[PDB]
Amino acid sequence: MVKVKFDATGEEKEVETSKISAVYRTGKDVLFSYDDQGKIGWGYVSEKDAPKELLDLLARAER
Amino acid sequence: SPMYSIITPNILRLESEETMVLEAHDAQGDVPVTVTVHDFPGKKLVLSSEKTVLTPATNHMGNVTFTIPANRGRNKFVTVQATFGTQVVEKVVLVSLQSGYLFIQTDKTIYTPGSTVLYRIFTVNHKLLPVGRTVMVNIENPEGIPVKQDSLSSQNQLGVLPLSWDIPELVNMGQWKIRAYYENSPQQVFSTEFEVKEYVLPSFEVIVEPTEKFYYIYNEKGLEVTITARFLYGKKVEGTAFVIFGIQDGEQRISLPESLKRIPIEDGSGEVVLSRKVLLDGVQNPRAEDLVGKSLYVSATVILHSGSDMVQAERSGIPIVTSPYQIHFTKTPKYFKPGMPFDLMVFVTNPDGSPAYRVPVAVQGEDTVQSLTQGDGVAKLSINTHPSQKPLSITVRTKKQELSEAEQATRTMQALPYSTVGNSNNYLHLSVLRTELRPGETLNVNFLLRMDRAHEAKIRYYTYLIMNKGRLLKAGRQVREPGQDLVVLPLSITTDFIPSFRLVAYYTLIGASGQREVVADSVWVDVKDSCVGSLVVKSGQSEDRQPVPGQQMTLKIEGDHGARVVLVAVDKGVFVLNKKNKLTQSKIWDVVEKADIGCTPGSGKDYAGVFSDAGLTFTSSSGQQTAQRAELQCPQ
Amino acid sequence: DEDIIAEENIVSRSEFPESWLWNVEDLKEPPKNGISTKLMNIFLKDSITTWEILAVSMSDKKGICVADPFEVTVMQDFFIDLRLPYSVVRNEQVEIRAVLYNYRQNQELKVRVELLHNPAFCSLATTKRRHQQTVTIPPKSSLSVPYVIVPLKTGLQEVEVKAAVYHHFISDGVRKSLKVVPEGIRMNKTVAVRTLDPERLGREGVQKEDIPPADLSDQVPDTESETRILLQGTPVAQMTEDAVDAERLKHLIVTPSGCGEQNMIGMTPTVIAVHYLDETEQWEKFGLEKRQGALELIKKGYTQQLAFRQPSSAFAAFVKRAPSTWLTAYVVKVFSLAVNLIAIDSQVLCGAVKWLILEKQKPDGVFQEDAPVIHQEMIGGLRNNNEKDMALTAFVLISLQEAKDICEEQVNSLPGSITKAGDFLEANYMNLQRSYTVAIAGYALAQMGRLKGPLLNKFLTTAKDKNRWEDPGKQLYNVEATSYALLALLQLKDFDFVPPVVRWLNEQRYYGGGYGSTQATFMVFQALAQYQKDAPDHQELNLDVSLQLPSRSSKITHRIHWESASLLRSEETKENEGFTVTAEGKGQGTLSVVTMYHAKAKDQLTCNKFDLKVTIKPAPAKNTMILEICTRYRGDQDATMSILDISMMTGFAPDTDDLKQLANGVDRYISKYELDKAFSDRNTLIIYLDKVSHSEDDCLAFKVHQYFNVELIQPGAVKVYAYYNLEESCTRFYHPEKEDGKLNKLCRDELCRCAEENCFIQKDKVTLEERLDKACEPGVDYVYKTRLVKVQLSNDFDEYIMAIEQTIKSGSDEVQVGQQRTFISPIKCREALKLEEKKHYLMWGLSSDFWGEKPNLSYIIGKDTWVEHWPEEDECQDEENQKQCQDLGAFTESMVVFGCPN
Ligand SMILES: *[C@@H]1O[C@H](CO)[C@@H](O[C@@H]2O[C@H](CO)[C@@H](O[C@@H]3O[C@H](CO)[C@@H](O)[C@H](O)[C@@H]3O)[C@H](O)[C@H]2NC(C)=O)[C@H](O)[C@H]1NC(C)=O
Ligand SMILES: *[C@@H]1O[C@H](CO)[C@@H](O)[C@H](O)[C@H]1NC(C)=O
């Protein structure tokens, strides 16, 4: 369970951690790739709204 | 199918070096390219003299610089031809007659009859750089009537034309114009005005500004104003002050005679108020809300306690407003990429159109992502998109903690889906941190890819191009190894990226339906505005105290080596009477922000619609090219 | 007194520029620390303010760079701000403040500020007695010193007050100039507005419209009269019916397919599409891209058709068909000026023109129509069996004309051919009926200029009221026919007769591309392309317009033409006279002549929105006079607040309890700052009013006290203005010994000299010994014995008319012993003069005391003029008279007998 917000209408997709393609960082915030329908879909998530699973998969792929 | 792409700027400039980008995609060996430029129609070959051979040791990128000389509604064009051995790639690009910009300094803002007006015209091309053209000058009167027409060339004067016109004693009192324009470009005219008048430099200046820079209609404390009164030599003024207020919508004013108040100036500072009762009564007795979108002025008249001297000064523009703030999506791309994240460049101003600092702004709703405005009065705000090709309606708000929710400004906007070849639903996005960029810093530019995994192997590079001052500043490649869904560009900003730059990128592939496809996207990047070089003026003379009349001092002039500096001292008296049409580097940049061939903050409908909208003509050897550019101005 | 800087040893602050340092110092110094440091020693001006230096940098590497404004602050512990206006009206008495600024931390200074006498100004300053006031200013403060004066001299004039501190070395002298202006007001006036056309006006010559000088009947004396002349030279744009829409020309881009003629008819229109769109630069709204995509076709149509080229340099229908006259004749014409469009083999064309004249034309000058092009519908109106040898011959000669200029080298034999047939179509083109064949043949010669009056006005007449040529038949026959004709009209350059034909075309809205349009299509659009490059909107402009001015010695000629920008030539004389203008050339310009001066004064001065009355009378320390100020608003409703800016009379200050009274007023208020300024040195004062009435006169007065007894006390003043505009306001002066607060000045119409001074020479003390020594200077010019006829004592100056008796020393006035003469004195110089009628009077005076010039000139009594009540001989017999008489009689002889030294 990693949650992706849509502040336009305030919806919530839930992405399975295993399905994630790769995790990258923008300043504070975090920004990863899906595997939607073999389409390489995306998802930005705010520093404030970063869960641990995602910060972890990042700190790996980083340092 | 090897594909050969030509990238030129949208509208070319004449007797100026502009540069076009040569690329061959999937190209064995080193390919030859000879760049030709003919007039339209026909074949004068006015600058075909440009040749080059692009290698696989640059991966088939490379360019040739050329200057189109010189001479021979009204709209001229040229056909640009880049032939790769067998293959001919030719575009027709609009061309600007208009040589560059003119800026005209006067030694003062306001003059008497009998005095000479020293004026200077700076002759500089589209890239802010000194030039040698012939320019005619006109001196219109408060009704345009050229009361002296000159015509000098700046050749070897290095951009600077020092002129003079003495004003006859029997002159038509009022608001005099000067009008300069390059001898080749009668339509590129450039104006600066100077009030002619009887007058005598005051003793003191008067500074009137309120507690606020606006009236909050529901602030029963009324529009408080402090008055200031200083002798031009610094010491404070003892006197008395006559101040009166008035509403104005829009051109017409309406004095509020009830609001006429007389106050002593003690230690050079008085304070006067305009009650809400006075204002409401004054208008019409109407409803406070009727009056929003109007504005008021205040009008202070300070007479010394001797009587010898008195000074007028008015602060105008004080707008009456519901919300201390304004949210403009004027910097924000109006095209999103289905699925990919959508970045908004929220721009918040004060009512007085000054940029707001530390203003929490957020997408409309409850616990929404909330970003703070830079010094730019720009915040950023990234929002996740759905895969649907539906229109996107986003509302933003101010989230300032002190302001009531009624008091919070709003603005709604609407991005359209980036249209896509064969509905491939391949996209490209470009993310960047929207801090304030200062040159000698590095910007990281995040090229996000969004196609299906199945063809993503082939995407091996992006081509990235940087527009600045309506000209290709530089460009190159950004490599990407398979499974690299985001690659990051380390962009070194130089003192050449001022006052801003556009970056437009494109990857291409022969994907989906055995047809070539170009994907693209632009981003605009405001740089921290300031001088390319530096110049300062300061006291060579150490400390002293106040330099005494008629005495000598020294002046340190720390400027760019091998440059012509020009000076003028002006008794600050003049600037109590009239402080308009002064030259500020800032006014200059404003000019070059208008003269932008780029007319979109970012992105664009199709691949084509990105390049035109960022001021570029892409055009390939596969039939695939930007729409033709006809309008020398940004279509409104 | 003493222990204080000597006034003479004070250099005053002269220089007060509003801008300066217009300097242009380059930067060449070794670039140490990434940035060239130029040091620049500058000398500041004496203006005590804050300067704002604004540098601009220009580097061919770094571009332009506007530096941040640097402020410098000139300042001084003690100084005078001399507060002038901009300008003063000549003979209008006004008061100037000079404010003294003791900016010491904890030290008052005993100062003596002093106005310097200028002869250009009437004031309580004069050569013999200076204007010194001593005043001490408290620490970190400023006292205001008023100076009431009259400007008598026109132009810029210079006031100069100074000051030094007693016991200390601290002085400051100023001298700002100000504009003194002639009594009157600004006034423009239109001398003349003539119209500048050399074609219509002054027919067949050079237009010479005779402009007067100005009227200037109101024109105040000694005032500049600038005659603003302007030669605005208008343009004229002869509207040309503009081109057919790109959108209707879409269907003319066909991909040339077929054989011999069918390939040809394919290519025919797409050629002319380009050539039109070329000259109407309509490629924009058409689509720039579409050109090269279409241009592709013509190449292919040219190349394809060359394989319909018989090895005789000739063009057949089929692969091997019997060669044609016409088909060949046409492709000669279509290629003829598709040469500019696509470089074509100048051998394959001029070698193909060569074949047609060789084996298809004989001595008569005709061309064979054995040219069966299968479908003869492309051919046009030559298919019909009438004038086929006369009509074709005219068309086929057209094909020679378009490819005439290019081929005249490659084949030199051809030029001969063209000319020869040119005759055979000149002789025979008079007896033709068909209005097709009329029009083609009319073009053929008109090209070669062979068509003058005779056969011109046969072809011309066929024109249906100058709109179309045609007959009964195919309606596309008439359209192609009309065009051929048109081409001629602009070939023979009759722009008069042209336009209305063009309209009849755009009426038919013909765009072509239909069964048998080939020759109709082409011809139409070729004619409309020719037209548009021949077409003038440029209505010939060229003006050699000059006018030899009476004023300047060197003429002013101007050259206003088209493809010239500067359309507003102008020069402005400062003297006013009449002057003719030479106007020759072609076009339409504009001569207007304006003139500014000083129109004479209506409702008086700048004081007609505020009536006030100032009353000075004594009351029942030392002196104490009550000052009553009565104002009223010259308007329609009670005014807002307004200012009462008062000046005290020299050595005065108002009662402190009488100001206490006034402040506690429902509509009155004085600043406590001026109430807690003790008699210290309070000689200025401001009393603010909340509302001045328009209906009653709101008065009030207060006591003043004589703080210091200095004689010759200057008149005070009371200026009263509304807060919102100082400009419109009325100051009035006041003085106990004078009438209304104005200084004694003798003023005669415009001229004004100053009379604030002694009345006669200030010397029973009347030694003859010395009297005679001081009698003979270069100065004195008239020694007279005289006798008062009549006295004219009044309100102004009091004129004494003095009968000349015997003239001792004559000056520059032709005089007898009987010539009566006018001597004038200030009213004030009544008591001191004590004059009487039919009196023996000694009156030796000083030259340039002469009011007007011969013979209305009148001797003024003066600070340098001398007077004596000469005793009557018959009553010299007194022994307290006889002492005087003697000395006087001793003088009278000893002066005149010989004369004075030299
Ligand atoms: C268009 O053509 C011009 C001229 O060929 C290109 O400018 C040139 O670009 C090269 C490579 O980017 C520059 O080399 C650089 O030198 C700097 C040192 O200042 C170094 O830091 C970089 O790593 C790089 O090696 C070269 O100086 C420059 N030459 C000039 C301006 O005269 C331009 O980039 C071309 N753009 C494209 C899209 O091809
Ligand atoms: C002439 O003076 C009048 C008076 O106001 C003014 O309206 C007009 O504009 C002036 N015209 C010129 C040419 O000075």
# chains A, B, ... in the order shown; residues from 1 in each chain; ligands from 1

$ residues_near_ligand --ligand "ligand 1" --cutoff "10 Å" --atoms "only C-alpha atoms and all ligand atoms" --output "MDAnalysis selection string"
chainID B and resid 7 18:23 58 60:65 463:466 472:477 492

$ residues_near_ligand --ligand "ligand 2" --cutoff "9 Å" --atoms "only C-alpha atoms and all ligand atoms" --output "ChimeraX atom specification"
/B:143,171-173 /C:186-190,228,594-596

$ write_last_selection --atoms "N, CA, C and O atoms" --output "compact mmCIF listing (two decimals), in the first residue's frame"
# COMPACT_ATOMS: atom_id res chain seq x y z
N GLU B 143 1.19 68.02 -28.23
CA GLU B 143 0.51 67.39 -29.40
C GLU B 143 1.56 67.09 -30.47
O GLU B 143 2.19 68.03 -30.96
N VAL B 171 7.72 78.19 -25.65
CA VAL B 171 7.48 76.76 -25.97
C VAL B 171 6.10 76.37 -25.46
O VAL B 171 5.65 76.95 -24.45
N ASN B 172 5.44 75.43 -26.15
CA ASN B 172 4.09 74.92 -25.79
C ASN B 172 4.21 74.09 -24.51
O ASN B 172 4.58 72.92 -24.61
N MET B 173 3.98 74.71 -23.35
CA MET B 173 4.09 74.06 -22.01
C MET B 173 3.31 72.74 -22.02
O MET B 173 2.17 72.73 -22.54
N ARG C 186 0.99 85.11 -22.62
CA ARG C 186 1.38 84.34 -23.84
C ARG C 186 0.20 84.32 -24.80
O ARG C 186 -0.95 84.40 -24.33
N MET C 187 0.47 84.24 -26.10
CA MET C 187 -0.53 84.41 -27.18
C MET C 187 0.06 83.91 -28.50
O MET C 187 0.98 84.56 -29.02
N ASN C 188 -0.48 82.81 -29.03
CA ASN C 188 -0.24 82.34 -30.41
C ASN C 188 -1.25 83.02 -31.34
O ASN C 188 -2.12 83.72 -30.82
N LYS C 189 -1.03 82.93 -32.65
CA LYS C 189 -1.89 83.58 -33.68
C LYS C 189 -1.48 83.07 -35.07
O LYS C 189 -0.34 83.35 -35.48
N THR C 190 -2.43 82.48 -35.79
CA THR C 190 -2.23 81.85 -37.12
C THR C 190 -2.05 82.94 -38.19
O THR C 190 -3.06 83.54 -38.58
N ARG C 228 6.58 80.40 -35.99
CA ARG C 228 6.71 78.92 -36.15
C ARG C 228 6.18 78.50 -37.53
O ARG C 228 4.97 78.26 -37.65
N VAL C 594 2.54 80.09 -37.91
CA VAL C 594 2.06 80.50 -36.56
C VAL C 594 3.14 81.37 -35.92
O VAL C 594 4.23 81.49 -36.51
N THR C 595 2.79 82.06 -34.84
CA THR C 595 3.59 83.16 -34.26
C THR C 595 3.12 83.41 -32.82
O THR C 595 1.90 83.55 -32.61
N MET C 596 4.05 83.38 -31.86
CA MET C 596 3.77 83.58 -30.42
C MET C 596 4.41 84.90 -29.95
O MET C 596 5.45 85.29 -30.53

$ residues_around --residues "segment 7-9 of chain A" --least-positions-apart "4" --cutoff "7 Å" --atoms "only C-alpha atoms" --output "compact mmCIF listing (two decimals) with N, CA, C and O atoms, in the first residue's frame"
# COMPACT_ATOMS: atom_id res chain seq x y z
N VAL B 363 -4.10 23.74 -3.96
CA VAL B 363 -5.27 23.31 -4.76
C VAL B 363 -6.51 23.38 -3.87
O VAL B 363 -6.36 23.27 -2.66
N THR B 368 -5.16 19.49 1.17
CA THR B 368 -4.51 19.49 -0.16
C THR B 368 -3.02 19.85 -0.01
O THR B 368 -2.71 20.68 0.88
N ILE B 383 0.52 18.18 -9.00
CA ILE B 383 -0.78 17.46 -8.81
C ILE B 383 -0.82 16.27 -9.78
O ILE B 383 -0.55 16.47 -10.98
N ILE B 394 -8.65 23.07 -12.53
CA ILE B 394 -7.92 23.20 -11.22
C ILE B 394 -8.22 24.58 -10.63
O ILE B 394 -7.91 25.59 -11.30

$ residues_around --residues "segment 558-572 of chain C" --least-positions-apart "3" --cutoff "6 Å" --atoms "only C-alpha atoms" --output "PyMOL selection string"
chain C and resi 227-233+541-545

$ interface_residues --of "chain B" --to "chain C" --cutoff "6 Å" --atoms "only C-alpha atoms" --output "ChimeraX atom specification"
/B:128-130,199-200,232-233,308,531-533,535-536,546-572,585

$ interface_residues --of "chain B" --to "chain A" --cutoff "6 Å" --atoms "only C-alpha atoms" --output "PyMOL selection string"
chain B and resi 339-340+368+384+450-453

$ atom_distance --atom1 "atom CA of residue 604 of chain C" --atom2 "atom CA of residue 179 of chain C"
19.7 Å

$ select_by_dssp --residues "segment 248-491 of chain B" --states "helix (DSSP H, G or I)" --output "list in words"
residues 257, 258, 259, 276, 277, 278, 279, 280, 281, 282, 283, 288, 289, 290, 291, 421, 422, 423, 453, 454 and 455 of chain B

$ write_last_selection --atoms "N, CA and C atoms" --output "short mmCIF file (atom, residue, chain, number, x, y, z; two decimals), in the first residue's frame"
data_model
loop_
_atom_site.label_atom_id
_atom_site.label_comp_id
_atom_site.auth_asym_id
_atom_site.auth_seq_id
_atom_site.Cartn_x
_atom_site.Cartn_y
_atom_site.Cartn_z
N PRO B 257 -14.55 65.45 -0.17
CA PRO B 257 -14.20 66.71 0.47
C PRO B 257 -14.27 66.62 2.00
N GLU B 258 -15.18 65.79 2.51
CA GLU B 258 -15.36 65.54 3.97
C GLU B 258 -14.03 65.05 4.56
N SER B 259 -13.21 64.36 3.75
CA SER B 259 -11.99 63.63 4.18
C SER B 259 -10.77 64.57 4.18
N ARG B 276 -14.09 54.68 7.66
CA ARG B 276 -14.99 53.93 6.76
C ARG B 276 -16.30 54.72 6.60
N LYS B 277 -16.76 55.37 7.68
CA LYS B 277 -17.99 56.22 7.68
C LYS B 277 -17.85 57.28 6.59
N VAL B 278 -16.75 58.04 6.63
CA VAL B 278 -16.45 59.13 5.65
C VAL B 278 -16.54 58.55 4.23
N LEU B 279 -15.87 57.42 3.99
CA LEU B 279 -15.76 56.78 2.66
C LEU B 279 -17.16 56.38 2.17
N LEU B 280 -17.94 55.71 3.02
CA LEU B 280 -19.26 55.12 2.66
C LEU B 280 -20.24 56.24 2.34
N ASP B 281 -20.51 57.12 3.31
CA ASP B 281 -21.21 58.41 3.09
C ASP B 281 -20.72 59.02 1.77
N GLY B 282 -19.42 59.34 1.70
CA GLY B 282 -18.81 60.12 0.61
C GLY B 282 -19.26 59.65 -0.76
N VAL B 283 -19.15 58.35 -1.03
CA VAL B 283 -19.46 57.74 -2.35
C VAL B 283 -20.87 58.16 -2.77
N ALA B 288 -20.71 48.99 0.88
CA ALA B 288 -19.23 48.95 0.92
C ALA B 288 -18.70 48.10 -0.23
N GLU B 289 -19.44 47.05 -0.60
CA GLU B 289 -18.99 46.00 -1.55
C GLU B 289 -19.12 46.53 -2.99
N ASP B 290 -20.13 47.38 -3.25
CA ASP B 290 -20.27 48.15 -4.52
C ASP B 290 -18.88 48.58 -5.00
N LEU B 291 -17.99 48.94 -4.06
CA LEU B 291 -16.83 49.86 -4.29
C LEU B 291 -15.57 49.04 -4.59
N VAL B 421 0.40 11.41 -31.25
CA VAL B 421 0.42 10.83 -32.63
C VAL B 421 -0.21 9.43 -32.59
N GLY B 422 -1.20 9.18 -33.45
CA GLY B 422 -1.92 7.90 -33.54
C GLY B 422 -2.56 7.51 -32.22
N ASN B 423 -2.78 8.50 -31.34
CA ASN B 423 -3.05 8.29 -29.90
C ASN B 423 -2.10 7.22 -29.35
N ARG B 453 5.94 0.16 -22.00
CA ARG B 453 7.27 -0.48 -21.78
C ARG B 453 7.81 -1.04 -23.09
N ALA B 454 6.91 -1.38 -24.02
CA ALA B 454 7.15 -2.32 -25.14
C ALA B 454 8.07 -1.68 -26.19
N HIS B 455 8.13 -0.35 -26.22
CA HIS B 455 8.84 0.43 -27.26
C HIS B 455 9.91 1.32 -26.60
#

$ residues_around --residues "segment 104-113 of chain C" --least-positions-apart "5" --cutoff "12 Å" --atoms "only C-alpha atoms" --output "ChimeraX atom specification"
/C:1-7,76-82,97-99,130-147,160-174,680-681

$ atom_distance --atom1 "atom CA of residue 456 of chain C" --atom2 "atom CA of residue 431 of chain C"
13.6 Å

$ residues_around --residues "residue 358 of chain B" --least-positions-apart "2" --cutoff "9 Å" --atoms "only C-alpha atoms" --output "JSON, numbers by chain"
{"B": [356, 360, 372, 373, 374, 375, 377, 379, 400]}

$ write_last_selection --atoms "C-alpha atoms" --output "compact mmCIF listing (two decimals), in the first residue's frame"
# COMPACT_ATOMS: atom_id res chain seq x y z
CA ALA B 356 3.80 38.15 -2.28
CA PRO B 360 0.73 29.35 1.58
CA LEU B 372 4.75 28.64 -0.19
CA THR B 373 5.49 31.55 -2.64
CA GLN B 374 9.22 32.36 -3.25
CA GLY B 375 10.50 35.97 -3.40
CA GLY B 377 5.76 35.56 -5.61
CA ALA B 379 5.09 29.01 -5.57
CA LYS B 400 -2.46 32.01 5.03

$ residues_around --residues "residue 15 of chain A" --least-positions-apart "2" --cutoff "7 Å" --atoms "only C-alpha atoms" --output "list in words"
residues 1, 2, 3, 13 and 17 of chain A

$ write_last_selection --atoms "C-alpha atoms" --output "CSV table (one decimal), in the first residue's frame"
chain,number,residue,atom,x,y,z
A,1,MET,CA,0.0,0.0,0.0
A,2,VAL,CA,1.4,3.4,-1.3
A,3,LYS,CA,-1.3,6.1,-1.7
A,13,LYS,CA,-5.4,5.5,-6.2
A,17,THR,CA,4.7,-1.5,-3.7

$ closest_residue --among "C:883, C:760, C:590, C:421" --to "residue 830 of chain C" --atoms "only C-alpha atoms"
C:760

$ select_by_dssp --residues "segment 154-345 of chain C" --states "strand (DSSP E or B)" --output "ChimeraX atom specification"
/C:155-158,161-166,171-174,177-181,185-196,207,210-211,227-230,237,309-310,314-315

$ write_last_selection --atoms "C-alpha atoms" --output "compact mmCIF listing (two decimals), in the first residue's frame"
# COMPACT_ATOMS: atom_id res chain seq x y z
CA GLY C 155 15.20 89.03 -18.93
CA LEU C 156 17.11 86.99 -16.26
CA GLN C 157 18.15 89.13 -13.25
CA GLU C 158 20.26 88.26 -10.16
CA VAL C 161 21.87 88.05 -0.15
CA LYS C 162 24.74 87.10 2.23
CA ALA C 163 25.39 86.56 5.98
CA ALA C 164 28.27 86.13 8.48
CA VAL C 165 28.27 85.17 12.22
CA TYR C 166 29.56 87.80 14.72
CA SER C 171 29.78 83.15 6.40
CA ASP C 172 27.54 82.20 3.40
CA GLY C 173 26.70 84.30 0.29
CA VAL C 174 24.15 83.24 -2.40
CA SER C 177 19.12 84.60 -11.00
CA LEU C 178 15.36 84.60 -11.83
CA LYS C 179 13.33 85.44 -14.98
CA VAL C 180 11.80 88.97 -15.03
CA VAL C 181 8.93 89.00 -17.58
CA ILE C 185 0.46 87.08 -21.25
CA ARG C 186 1.38 84.34 -23.84
CA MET C 187 -0.53 84.41 -27.18
CA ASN C 188 -0.24 82.34 -30.41
CA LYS C 189 -1.89 83.58 -33.68
CA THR C 190 -2.23 81.85 -37.12
CA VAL C 191 -0.44 84.16 -39.68
CA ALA C 192 -1.51 82.04 -42.71
CA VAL C 193 -2.61 78.50 -43.78
CA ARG C 194 -1.98 78.17 -47.58
CA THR C 195 -2.21 74.84 -49.56
CA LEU C 196 0.93 73.51 -51.35
CA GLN C 207 3.44 78.46 -57.10
CA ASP C 210 2.44 85.89 -50.82
CA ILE C 211 2.36 85.37 -46.98
CA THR C 227 7.10 82.78 -36.31
CA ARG C 228 6.71 78.92 -36.15
CA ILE C 229 6.75 77.92 -39.90
CA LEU C 230 6.08 74.24 -40.94
CA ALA C 237 -2.51 56.78 -52.01
CA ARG C 309 9.92 17.84 -78.45
CA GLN C 310 10.69 16.88 -82.14
CA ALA C 314 9.97 21.75 -82.21
CA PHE C 315 6.88 20.49 -80.25
